[PDB]
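Content type mmCIF, C-alpha atoms, from the file entry.cif:
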```cif
data_coords
#
loop_
_atom_site.label_atom_id
_atom_site.label_comp_id
_atom_site.auth_asym_id
_atom_site.auth_seq_id
_atom_site.Cartn_x
_atom_site.Cartn_y
_atom_site.Cartn_z
CA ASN M 1 22.33 27.60 11.01
CA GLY M 2 23.01 24.17 12.53
CA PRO M 3 22.32 20.73 10.97
CA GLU M 4 19.20 19.92 13.00
CA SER M 5 17.46 23.03 11.70
CA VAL M 6 18.83 22.45 8.19
CA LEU M 7 16.99 19.09 8.17
CA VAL M 8 13.85 20.48 9.78
CA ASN M 9 13.83 23.61 7.51
CA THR M 10 14.42 21.53 4.40
CA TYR M 11 11.32 19.42 5.00
CA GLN M 12 9.22 22.40 6.15
CA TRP M 13 10.28 24.06 2.90
CA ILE M 14 9.23 21.10 0.76
CA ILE M 15 5.92 21.06 2.68
CA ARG M 16 5.20 24.79 2.57
CA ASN M 17 5.94 24.76 -1.21
CA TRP M 18 4.49 21.31 -2.05
CA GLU M 19 2.06 22.80 -4.59
CA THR M 20 4.90 23.90 -6.95
CA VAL M 21 7.27 21.07 -5.92
CA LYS M 22 4.76 18.30 -6.82
CA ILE M 23 4.07 20.00 -10.14
CA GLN M 24 7.75 20.21 -10.98
CA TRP M 25 8.50 16.67 -9.78
CA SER M 26 6.16 15.45 -12.59
CA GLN M 27 6.79 18.09 -15.24
CA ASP M 28 10.43 19.24 -14.76
CA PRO M 29 12.29 16.95 -12.25
CA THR M 30 15.84 18.05 -13.28
CA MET M 31 15.03 21.62 -12.41
CA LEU M 32 13.56 20.52 -9.12
CA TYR M 33 16.62 18.46 -8.17
CA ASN M 34 18.87 21.46 -8.96
CA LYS M 35 17.06 23.91 -6.74
CA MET M 36 19.52 25.75 -4.47
CA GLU M 37 17.26 25.25 -1.48
CA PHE M 38 18.56 21.58 -1.31
CA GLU M 39 22.27 22.49 -0.87
CA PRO M 40 22.17 22.90 2.88
CA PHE M 41 20.71 19.35 3.17
CA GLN M 42 23.21 17.99 0.68
CA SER M 43 26.15 19.32 2.76
CA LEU M 44 24.99 16.94 5.57
CA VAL M 45 24.84 13.81 3.38
CA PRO M 46 28.19 11.94 3.46
CA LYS M 47 30.31 12.95 0.43
CA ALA M 48 31.10 9.28 -0.41
CA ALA M 49 27.35 8.53 -0.56
CA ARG M 50 25.78 11.68 -2.18
CA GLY M 51 26.01 10.42 -5.72
CA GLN M 52 24.96 6.82 -5.18
CA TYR M 53 22.03 7.93 -3.01
CA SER M 54 20.90 10.36 -5.72
CA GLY M 55 21.10 7.70 -8.50
CA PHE M 56 19.07 5.38 -6.30
CA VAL M 57 16.41 7.97 -5.39
CA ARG M 58 16.04 9.44 -8.95
CA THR M 59 15.60 5.91 -10.37
CA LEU M 60 12.96 5.17 -7.71
CA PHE M 61 11.14 8.39 -8.60
CA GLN M 62 11.21 7.44 -12.30
CA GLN M 63 9.78 4.05 -11.35
CA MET M 64 6.92 5.88 -9.63
CA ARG M 65 6.16 8.07 -12.74
CA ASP M 66 6.36 5.07 -15.05
CA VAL M 67 4.27 2.74 -12.89
CA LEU M 68 0.91 4.43 -12.97
CA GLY M 69 -1.20 4.38 -9.82
CA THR M 70 1.76 4.25 -7.34
CA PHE M 71 2.19 7.93 -6.47
CA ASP M 72 3.13 8.26 -2.79
CA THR M 73 3.32 11.77 -1.44
CA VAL M 74 5.11 10.98 1.78
CA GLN M 75 7.71 8.87 0.06
CA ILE M 76 8.50 11.67 -2.40
CA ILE M 77 8.85 14.33 0.27
CA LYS M 78 11.05 12.01 2.39
CA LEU M 79 13.50 11.07 -0.35
CA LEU M 80 13.53 14.22 -2.47
CA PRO M 81 16.49 16.04 -0.87
CA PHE M 82 18.69 13.03 -1.63
CA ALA M 83 17.92 13.54 -5.34
CA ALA M 84 19.58 16.96 -5.28
CA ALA M 85 23.14 15.58 -5.74
CA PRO M 86 24.42 14.71 -9.17
CA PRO M 87 23.75 11.00 -9.57
CA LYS M 88 26.36 8.25 -9.87
CA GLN M 89 24.85 5.12 -11.41
CA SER M 90 25.04 1.95 -9.30
CA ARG M 91 23.34 -1.34 -8.56
CA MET M 92 23.15 -1.29 -4.75
CA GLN M 93 19.94 -1.31 -2.75
CA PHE M 94 19.71 0.91 0.33
CA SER M 95 17.42 0.31 3.31
CA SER M 96 18.31 3.65 4.89
CA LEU M 97 19.98 6.85 3.80
CA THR M 98 22.36 8.76 6.07
CA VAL M 99 22.52 12.42 7.04
CA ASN M 100 25.44 13.34 9.30
CA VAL M 101 24.40 15.48 12.29
CA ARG M 102 27.49 16.55 14.31
CA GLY M 103 29.48 13.34 13.62
CA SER M 104 26.50 11.02 14.18
CA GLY M 105 24.82 9.29 11.23
CA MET M 106 21.06 9.68 11.32
CA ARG M 107 19.48 6.91 9.30
CA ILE M 108 16.41 7.78 7.18
CA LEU M 109 14.66 4.49 6.51
CA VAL M 110 13.66 4.17 2.86
CA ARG M 111 10.44 2.41 3.99
CA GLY M 112 8.31 3.87 6.81
CA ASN M 113 9.30 6.04 9.79
CA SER M 114 12.41 7.06 11.80
CA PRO M 115 13.34 9.82 14.37
CA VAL M 116 14.42 12.08 11.56
CA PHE M 117 11.34 11.48 9.41
CA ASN M 118 8.30 10.39 11.39
CA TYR M 119 4.90 10.74 9.68
CA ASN M 120 1.77 10.43 11.83
CA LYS M 121 -1.23 9.20 9.80
CA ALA M 122 -3.76 10.20 12.48
CA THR M 123 -2.68 13.86 12.80
CA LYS M 124 -1.44 14.09 9.19
CA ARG M 125 1.73 15.77 10.42
CA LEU M 126 5.41 15.16 9.83
CA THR M 127 7.96 15.27 12.63
CA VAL M 128 11.68 15.71 12.04
CA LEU M 129 14.11 15.20 14.97
CA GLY M 130 11.20 15.76 17.37
CA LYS M 131 10.20 19.03 15.63
CA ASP M 132 6.89 19.57 13.91
CA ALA M 133 7.47 20.13 10.19
CA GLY M 134 3.87 20.88 9.12
CA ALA M 135 0.75 19.20 7.68
CA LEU M 136 0.39 16.77 4.74
CA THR M 137 -2.47 16.19 2.23
CA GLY M 138 -1.72 -1.77 -4.31
CA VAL M 139 2.02 -1.81 -5.15
CA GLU M 140 5.11 0.16 -3.97
CA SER M 141 7.35 1.61 -6.69
CA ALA M 142 9.97 3.67 -4.79
CA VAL M 143 11.41 1.26 -2.27
CA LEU M 144 13.75 -0.95 -4.33
CA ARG M 145 15.68 -0.20 -7.45
CA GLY M 146 14.25 -2.29 -10.34
CA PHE M 147 11.55 -3.95 -8.20
CA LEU M 148 8.01 -3.40 -7.16
CA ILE M 149 6.76 -4.40 -3.73
CA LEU M 150 3.59 -6.45 -4.21
CA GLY M 151 2.36 -6.86 -0.65
CA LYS M 152 2.77 -9.27 2.27
CA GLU M 153 5.07 -12.28 2.49
CA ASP M 154 3.82 -15.17 0.39
CA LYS M 155 5.37 -18.42 1.63
CA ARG M 156 4.83 -20.08 -1.78
CA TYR M 157 7.70 -18.05 -3.25
CA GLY M 158 10.12 -19.43 -0.71
CA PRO M 159 12.38 -18.19 2.12
CA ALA M 160 12.96 -14.43 2.32
CA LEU M 161 16.10 -12.83 0.82
CA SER M 162 18.07 -9.82 2.06
CA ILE M 163 18.27 -6.74 -0.11
CA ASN M 164 21.82 -7.54 -1.28
CA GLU M 165 20.86 -11.10 -2.41
CA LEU M 166 18.39 -10.15 -5.20
CA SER M 167 20.63 -9.93 -8.27
CA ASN M 168 20.01 -13.52 -9.45
CA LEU M 169 16.22 -13.24 -9.37
CA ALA M 170 14.90 -13.50 -12.90
CA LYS M 171 13.21 -10.50 -14.47
CA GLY M 172 9.45 -10.83 -13.80
CA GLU M 173 10.11 -13.34 -10.98
CA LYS M 174 8.61 -12.88 -7.55
CA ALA M 175 10.29 -13.38 -4.18
CA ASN M 176 10.08 -12.61 -0.53
CA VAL M 177 12.47 -9.92 0.72
CA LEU M 178 13.57 -8.91 4.23
CA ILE M 179 12.81 -5.27 3.61
CA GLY M 180 13.88 -3.69 6.92
CA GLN M 181 12.61 -3.49 10.50
CA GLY M 182 12.01 -7.25 10.51
CA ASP M 183 9.33 -6.99 7.81
CA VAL M 184 9.08 -9.56 5.03
CA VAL M 185 7.27 -8.51 1.83
CA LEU M 186 6.55 -10.01 -1.57
CA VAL M 187 8.38 -8.32 -4.43
CA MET M 188 8.76 -8.75 -8.19
CA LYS M 189 11.79 -8.00 -10.35
CA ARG M 190 10.68 -5.68 -13.13
CA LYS M 191 11.09 -6.48 -16.83
CA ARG M 192 10.65 -2.80 -17.86
CA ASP M 193 13.43 -0.32 -16.87
CA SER M 194 14.77 3.30 -16.64
#
```
Since I need it in another form, could you write the structure as structure tokens?
Amino acid sequence: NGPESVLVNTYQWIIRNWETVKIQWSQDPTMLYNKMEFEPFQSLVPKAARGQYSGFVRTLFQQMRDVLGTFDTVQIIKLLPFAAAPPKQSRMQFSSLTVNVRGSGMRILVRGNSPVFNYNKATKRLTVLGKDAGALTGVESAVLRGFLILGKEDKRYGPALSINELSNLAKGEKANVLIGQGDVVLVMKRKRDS
């Protein structure tokens, strides 16, 4: 059972079982993250990264539960397998998350689409490494750790910052961030936390 099909089968599995997954993501997340069905995927994620990725993704998911009206189905399904590792707490922001496929790092972009995770809004279908993975059913809460994405660049808040330059922004302060793929968005550092 090679890596390509491990990635494809993992997302097909989340999709086929989304009814119970979604439920458990709200009502018993720990049990969901510990499901054995995520181990194959986990074996592909670089060992040095598994923990930090999981701490990042679980925090983002908690942001999304806490911040009401920001539930994003596609984002949850994308990031979920990275939550399966035991988390190591850290402060780093990630723009992509790696799965190793035969010595080559495939980069899953935290925001929007990539060869490994490509969602088509017209057909309502997910594609993983060119394989069809099945059908799927104003602030972004699961993109940055301890921030919300507000919307488009607002030039009033000054020149954009990269994702590793955000630590000095004051809590509650707003700023423009180079968020990946050349996109600049307005964000806000949260006062509330998890």
Tell me which residues the PyMOL selection byres ((chain M and resi 40-45) around 7) grabs here, as a PDB file with C-alpha atoms, in the frame of the given file.
```pdb
ATOM      1  CA  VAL M   6      18.830  22.450   8.190  1.00  0.00           C
ATOM      2  CA  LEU M   7      16.990  19.090   8.170  1.00  0.00           C
ATOM      3  CA  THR M  10      14.420  21.530   4.400  1.00  0.00           C
ATOM      4  CA  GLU M  37      17.260  25.250  -1.480  1.00  0.00           C
ATOM      5  CA  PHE M  38      18.560  21.580  -1.310  1.00  0.00           C
ATOM      6  CA  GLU M  39      22.270  22.490  -0.870  1.00  0.00           C
ATOM      7  CA  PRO M  46      28.190  11.940   3.460  1.00  0.00           C
ATOM      8  CA  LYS M  47      30.310  12.950   0.430  1.00  0.00           C
ATOM      9  CA  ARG M  50      25.780  11.680  -2.180  1.00  0.00           C
ATOM     10  CA  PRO M  81      16.490  16.040  -0.870  1.00  0.00           C
ATOM     11  CA  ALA M  85      23.140  15.580  -5.740  1.00  0.00           C
ATOM     12  CA  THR M  98      22.360   8.760   6.070  1.00  0.00           C
ATOM     13  CA  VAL M  99      22.520  12.420   7.040  1.00  0.00           C
ATOM     14  CA  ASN M 100      25.440  13.340   9.300  1.00  0.00           C
ATOM     15  CA  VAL M 101      24.400  15.480  12.290  1.00  0.00           C
TER      16      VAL M 101
END
```
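Of the residues under consideration (M:14, M:122, M:48, M:188), M:14 shows the shortest atom-to-atom contact distance to residue 33 (chain M) when counting only C-alpha atoms.
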Nearest residue to residue 17 (chain M) from the set M:180, M:86, M:115, M:134 (distances using only C-alpha atoms):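 Closest to residue 17 (chain M), using only C-alpha atoms: M:134.
If you look at CA of residue 4 (chain M) and CA of residue 102 (chain M), they are 9.0 Å away from each other.
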Using all atoms listed in the file, the shortest atom-to-atom distance to residue 132 (chain M) among M:8, M:167, M:154, M:1 belongs to M:8
My list of candidates is M:139, M:92, M:150, M:76. Which is closest to residue 163 (chain M) when distances are computed with all atoms listed in the file?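 Nearest candidate to residue 163 (chain M) out of M:139, M:92, M:150, M:76: M:92.
Among M:67, M:106, M:74, M:179, the residue with the shortest atom-to-atom distance to residue 135 (chain M), counting all atoms listed in the file, is M:74.
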Residue by residue, what does the PyMOL selection byres ((chain M and resi 170) around 12) grab here? Present the result as a PyMOL selection string. chain M and resi 146-147+166-169+171-175+187-191
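Considering the residues M:95, M:27, M:137, M:118 and counting all atoms listed in the file, residue 72 (chain M) has its shortest atom-to-atom contact with M:137.
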Would you mind listing what lies within 9 Å of residue 69 (chain M) as a ChimeraX atom specification, with only C-alpha atoms counted and same-chain residues fewer than 3 positions away left out? /M:64-65,138-139
Using the selection just defined, write its residues with C-alpha atoms as a short mmCIF file (atom, residue, chain, number, x, y, z; two decimals), keeping the file's coordinate frame.
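Printed below is result.cif as written:
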```
data_model
loop_
_atom_site.label_atom_id
_atom_site.label_comp_id
_atom_site.auth_asym_id
_atom_site.auth_seq_id
_atom_site.Cartn_x
_atom_site.Cartn_y
_atom_site.Cartn_z
CA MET M 64 6.92 5.88 -9.63
CA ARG M 65 6.16 8.07 -12.74
CA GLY M 138 -1.72 -1.77 -4.31
CA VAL M 139 2.02 -1.81 -5.15
#
```
Specify as a PyMOL selection string each residue included when the PyMOL selection byres ((chain M and resi 110) around 12) is applied to this file. chain M and resi 53+56-57+60+74-80+82+93-98+107-109+111-114+116-118+140-145+179-181
Between CA of residue 157 (chain M) and CA of residue 58 (chain M), what is the distance, to one decimal in Å?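 Taking CA of residue 157 (chain M) and CA of residue 58 (chain M), their separation equals 29.3 Å.
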Can you work out the spacing between CA of residue 59 (chain M) and CA of residue 30 (chain M) in Å, to one decimal?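 One can read the CA of residue 59 (chain M) to CA of residue 30 (chain M) distance as 12.5 Å.
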Exercise: residues within 7 Å of coordinate (15.3, -10.2, 0.5), counting only C-alpha atoms, as a ChimeraX atom specification: /M:160-163,165-166,176-179
Compile the contact shell of residue 66 (chain M) as a PyMOL selection string: residues with an atom at most 10 Å away, counting only C-alpha atoms, same-chain residues fewer than 3 positions apart removed. chain M and resi 60-63+69-71+141+192-194
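Taking all atoms listed in the file, the non-local environment of residue 136 (chain M) within 8 Å (same-chain residues fewer than 6 positions away omitted) comprises residues 15, 124, 125 and 126 of chain M.
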Would you place a box with edges along x, y and z of the file around all atoms of region 108-116 of chain M listed there, add 6 Å to each of its six sides, and report the centre and edge lengths in Å to one decimal, as AutoDock Vina command-line options?
```
--center_x 12.4 --center_y 7.2 --center_z 8.6 --size_x 20.1 --size_y 21.7 --size_z 23.5
```
Reconstruct region 87-120 of chain M at the level of N, CA and C atoms, and format the result as a PDB file, in the frame of the given file.
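Okay, selection.pdb is ready:
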```pdb
ATOM      1  N   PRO M  87      23.832  12.423  -9.805  1.00  0.00           N
ATOM      2  CA  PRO M  87      23.750  11.000  -9.570  1.00  0.00           C
ATOM      3  C   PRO M  87      24.954  10.236 -10.106  1.00  0.00           C
ATOM      4  N   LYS M  88      25.397   9.219  -9.362  1.00  0.00           N
ATOM      5  CA  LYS M  88      26.360   8.250  -9.870  1.00  0.00           C
ATOM      6  C   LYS M  88      25.594   6.933 -10.015  1.00  0.00           C
ATOM      7  N   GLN M  89      25.625   6.336 -11.201  1.00  0.00           N
ATOM      8  CA  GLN M  89      24.850   5.120 -11.410  1.00  0.00           C
ATOM      9  C   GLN M  89      25.454   3.954 -10.619  1.00  0.00           C
ATOM     10  N   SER M  90      24.591   3.161  -9.984  1.00  0.00           N
ATOM     11  CA  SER M  90      25.040   1.950  -9.300  1.00  0.00           C
ATOM     12  C   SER M  90      23.928   0.935  -9.198  1.00  0.00           C
ATOM     13  N   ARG M  91      24.262  -0.221  -8.646  1.00  0.00           N
ATOM     14  CA  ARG M  91      23.340  -1.340  -8.560  1.00  0.00           C
ATOM     15  C   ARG M  91      22.927  -1.700  -7.127  1.00  0.00           C
ATOM     16  N   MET M  92      23.386  -0.939  -6.145  1.00  0.00           N
ATOM     17  CA  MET M  92      23.150  -1.290  -4.750  1.00  0.00           C
ATOM     18  C   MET M  92      21.768  -0.834  -4.284  1.00  0.00           C
ATOM     19  N   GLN M  93      21.196  -1.615  -3.375  1.00  0.00           N
ATOM     20  CA  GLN M  93      19.940  -1.310  -2.750  1.00  0.00           C
ATOM     21  C   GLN M  93      20.289  -0.700  -1.388  1.00  0.00           C
ATOM     22  N   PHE M  94      19.545   0.321  -0.985  1.00  0.00           N
ATOM     23  CA  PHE M  94      19.710   0.910   0.330  1.00  0.00           C
ATOM     24  C   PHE M  94      18.447   0.736   1.112  1.00  0.00           C
ATOM     25  N   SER M  95      18.575   0.350   2.383  1.00  0.00           N
ATOM     26  CA  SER M  95      17.420   0.310   3.310  1.00  0.00           C
ATOM     27  C   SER M  95      17.256   1.603   4.119  1.00  0.00           C
ATOM     28  N   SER M  96      18.351   2.350   4.265  1.00  0.00           N
ATOM     29  CA  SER M  96      18.310   3.650   4.890  1.00  0.00           C
ATOM     30  C   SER M  96      19.274   4.591   4.177  1.00  0.00           C
ATOM     31  N   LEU M  97      19.100   5.879   4.405  1.00  0.00           N
ATOM     32  CA  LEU M  97      19.980   6.850   3.800  1.00  0.00           C
ATOM     33  C   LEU M  97      20.447   7.777   4.920  1.00  0.00           C
ATOM     34  N   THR M  98      21.755   8.023   4.974  1.00  0.00           N
ATOM     35  CA  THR M  98      22.360   8.760   6.070  1.00  0.00           C
ATOM     36  C   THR M  98      22.444  10.283   5.855  1.00  0.00           C
ATOM     37  N   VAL M  99      22.074  11.023   6.889  1.00  0.00           N
ATOM     38  CA  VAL M  99      22.520  12.420   7.040  1.00  0.00           C
ATOM     39  C   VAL M  99      23.395  12.546   8.299  1.00  0.00           C
ATOM     40  N   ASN M 100      24.583  13.087   8.145  1.00  0.00           N
ATOM     41  CA  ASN M 100      25.440  13.340   9.300  1.00  0.00           C
ATOM     42  C   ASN M 100      25.055  14.573  10.089  1.00  0.00           C
ATOM     43  N   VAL M 101      24.776  14.396  11.383  1.00  0.00           N
ATOM     44  CA  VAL M 101      24.400  15.480  12.290  1.00  0.00           C
ATOM     45  C   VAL M 101      25.422  15.503  13.432  1.00  0.00           C
ATOM     46  N   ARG M 102      26.409  16.405  13.326  1.00  0.00           N
ATOM     47  CA  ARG M 102      27.490  16.550  14.310  1.00  0.00           C
ATOM     48  C   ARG M 102      28.260  15.252  14.618  1.00  0.00           C
ATOM     49  N   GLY M 103      28.655  14.551  13.552  1.00  0.00           N
ATOM     50  CA  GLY M 103      29.480  13.340  13.620  1.00  0.00           C
ATOM     51  C   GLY M 103      28.712  12.045  13.839  1.00  0.00           C
ATOM     52  N   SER M 104      27.394  12.161  13.964  1.00  0.00           N
ATOM     53  CA  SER M 104      26.500  11.020  14.180  1.00  0.00           C
ATOM     54  C   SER M 104      25.602  10.818  12.967  1.00  0.00           C
ATOM     55  N   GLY M 105      25.640   9.616  12.403  1.00  0.00           N
ATOM     56  CA  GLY M 105      24.820   9.290  11.230  1.00  0.00           C
ATOM     57  C   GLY M 105      23.370   9.062  11.592  1.00  0.00           C
ATOM     58  N   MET M 106      22.492   9.939  11.131  1.00  0.00           N
ATOM     59  CA  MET M 106      21.060   9.680  11.320  1.00  0.00           C
ATOM     60  C   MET M 106      20.584   8.913  10.095  1.00  0.00           C
ATOM     61  N   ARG M 107      19.912   7.812  10.334  1.00  0.00           N
ATOM     62  CA  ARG M 107      19.480   6.910   9.300  1.00  0.00           C
ATOM     63  C   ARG M 107      18.028   7.185   8.903  1.00  0.00           C
ATOM     64  N   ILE M 108      17.785   7.643   7.665  1.00  0.00           N
ATOM     65  CA  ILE M 108      16.410   7.780   7.180  1.00  0.00           C
ATOM     66  C   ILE M 108      16.004   6.496   6.484  1.00  0.00           C
ATOM     67  N   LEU M 109      15.050   5.780   7.063  1.00  0.00           N
ATOM     68  CA  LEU M 109      14.660   4.490   6.510  1.00  0.00           C
ATOM     69  C   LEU M 109      13.934   4.752   5.196  1.00  0.00           C
ATOM     70  N   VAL M 110      14.292   3.986   4.168  1.00  0.00           N
ATOM     71  CA  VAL M 110      13.660   4.170   2.860  1.00  0.00           C
ATOM     72  C   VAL M 110      12.167   3.814   2.967  1.00  0.00           C
ATOM     73  N   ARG M 111      11.831   2.842   3.814  1.00  0.00           N
ATOM     74  CA  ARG M 111      10.440   2.410   3.990  1.00  0.00           C
ATOM     75  C   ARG M 111       9.913   2.683   5.400  1.00  0.00           C
ATOM     76  N   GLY M 112       8.913   3.548   5.512  1.00  0.00           N
ATOM     77  CA  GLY M 112       8.310   3.870   6.810  1.00  0.00           C
ATOM     78  C   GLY M 112       9.098   4.904   7.601  1.00  0.00           C
ATOM     79  N   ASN M 113       8.916   4.918   8.928  1.00  0.00           N
ATOM     80  CA  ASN M 113       9.300   6.040   9.790  1.00  0.00           C
ATOM     81  C   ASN M 113      10.594   5.868  10.606  1.00  0.00           C
ATOM     82  N   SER M 114      11.170   6.994  11.009  1.00  0.00           N
ATOM     83  CA  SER M 114      12.410   7.060  11.800  1.00  0.00           C
ATOM     84  C   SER M 114      12.510   8.454  12.454  1.00  0.00           C
ATOM     85  N   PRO M 115      13.252   8.573  13.586  1.00  0.00           N
ATOM     86  CA  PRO M 115      13.340   9.820  14.370  1.00  0.00           C
ATOM     87  C   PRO M 115      13.445  11.088  13.526  1.00  0.00           C
ATOM     88  N   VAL M 116      14.112  10.958  12.399  1.00  0.00           N
ATOM     89  CA  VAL M 116      14.420  12.080  11.560  1.00  0.00           C
ATOM     90  C   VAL M 116      13.209  12.385  10.662  1.00  0.00           C
ATOM     91  N   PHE M 117      12.488  11.335  10.284  1.00  0.00           N
ATOM     92  CA  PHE M 117      11.340  11.480   9.410  1.00  0.00           C
ATOM     93  C   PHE M 117      10.263  10.561   9.936  1.00  0.00           C
ATOM     94  N   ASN M 118       9.374  11.137  10.731  1.00  0.00           N
ATOM     95  CA  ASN M 118       8.300  10.390  11.390  1.00  0.00           C
ATOM     96  C   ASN M 118       6.969  11.020  10.960  1.00  0.00           C
ATOM     97  N   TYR M 119       6.235  10.317  10.101  1.00  0.00           N
ATOM     98  CA  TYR M 119       4.900  10.740   9.680  1.00  0.00           C
ATOM     99  C   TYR M 119       3.816  10.053  10.519  1.00  0.00           C
ATOM    100  N   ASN M 120       2.891  10.868  11.013  1.00  0.00           N
ATOM    101  CA  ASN M 120       1.770  10.430  11.830  1.00  0.00           C
ATOM    102  C   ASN M 120       0.528  10.459  10.960  1.00  0.00           C
TER     103      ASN M 120
END
```
